[PDB]
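Notes for the one structure printed next.
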Amino acid sequence: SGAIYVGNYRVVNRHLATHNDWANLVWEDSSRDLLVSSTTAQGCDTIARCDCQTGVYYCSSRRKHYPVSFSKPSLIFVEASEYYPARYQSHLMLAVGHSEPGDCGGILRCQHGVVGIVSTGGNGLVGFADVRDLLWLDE
Ligand SMILES: NC(=O)[C@H]1CCCN(C(=O)Cc2ccccc2CO)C1
Ligand SMILES: [Zn+2]
């Protein structure tokens, strides 16, 4: 679990969005596993606007942060789950690191701010849904 709070927006994994997220929907994209909802309070986070390929992510299943080298956002095949059929997920970045079911929503950060959130994993890999291209989050 986990979310990004920037301005009057809450960014979460689309497959973990609540009834309240859907009732306050701003934008969602199944192909990216992202959903953004509106909030009444101002948020705590800053979004990175960079091309970093190293950062640190929070892994809830270890209660720890880990440094990672991650690939550029791209279209990657993701096996079927209870949430989605087998499909290509876009704007996804992979890295070697621990993740298991439950870790989605953990933030990935570089020195410039929030880069994205955990969205996939398995067999010593962790995938992150990029948010750096969503320029409207800051206005
Ligand atoms: N974006 C998606 O389609 C995801 C929807 C939820 C399931 N999913 C995973 O990758 C789960 C997973 C399995 C094994 C280790 C780690 C994880 C990530 O927590 C795919
Ligand atoms: Zn950066």
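Sequential numbering from 1, following the chain as shown.
Technique stated in the header: X-ray crystallography, 1.6 Å.
Yeah, the Cβs are placed from backbone N, Cα and C, and that goes for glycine too.
Features reported for this protein in Swiss-Prot:
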- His15: active site, for protease 2A activity (ACT_SITE)
- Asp33: active site, for protease 2A activity (ACT_SITE)
- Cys104: active site, for protease 2A activity (ACT_SITE)
- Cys50, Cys52, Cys110, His112: Zn(2+) 1 binding site (BINDING)
Distance-selected recorded positions near ligand 2 (C-beta under 6 Å), from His15, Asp33, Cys50, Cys52, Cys110, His112: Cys50, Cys52, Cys110, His112
List of residues, in chain order, with Cβ under 8 A from that of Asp33 (active site, for protease 2A activity) and at least 6 apart: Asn13, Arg14, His15, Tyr84, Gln89, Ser119, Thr120, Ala129
Densest Cβ neighbourhood among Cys50, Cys52, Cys104, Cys110 (recorded positions), 10 Å radius: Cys104
Nearest-integer angstrom distance between the alpha carbons (Cα) of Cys52 (Zn(2+) 1 binding site) and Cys104 (active site, for protease 2A activity): 21
Distance-selected binding-site residues near ligand 1 (C-beta under 6 Å), from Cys50, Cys52, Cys110, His112: none
Neighbour tally for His112 (Zn(2+) 1 binding site), based on other Cβ positions within 10 Å of its Cβ: 15
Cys50 (Zn(2+) 1 binding site) to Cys104 (active site, for protease 2A activity) - Cα separation in whole Å: 23
Between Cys110 (Zn(2+) 1 binding site) and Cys104 (active site, for protease 2A activity): CA-CA distance (Å): 18
Other same-chain residues whose Cβ falls within 8 Å of the Cβ centroid of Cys50, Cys52, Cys110, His112, the recorded Zn(2+) 1 site, in sequence order: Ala48, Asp51, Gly55, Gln111, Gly113, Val115, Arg132
For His112 (Zn(2+) 1 binding site), the three-state class that DSSP assigns: coil
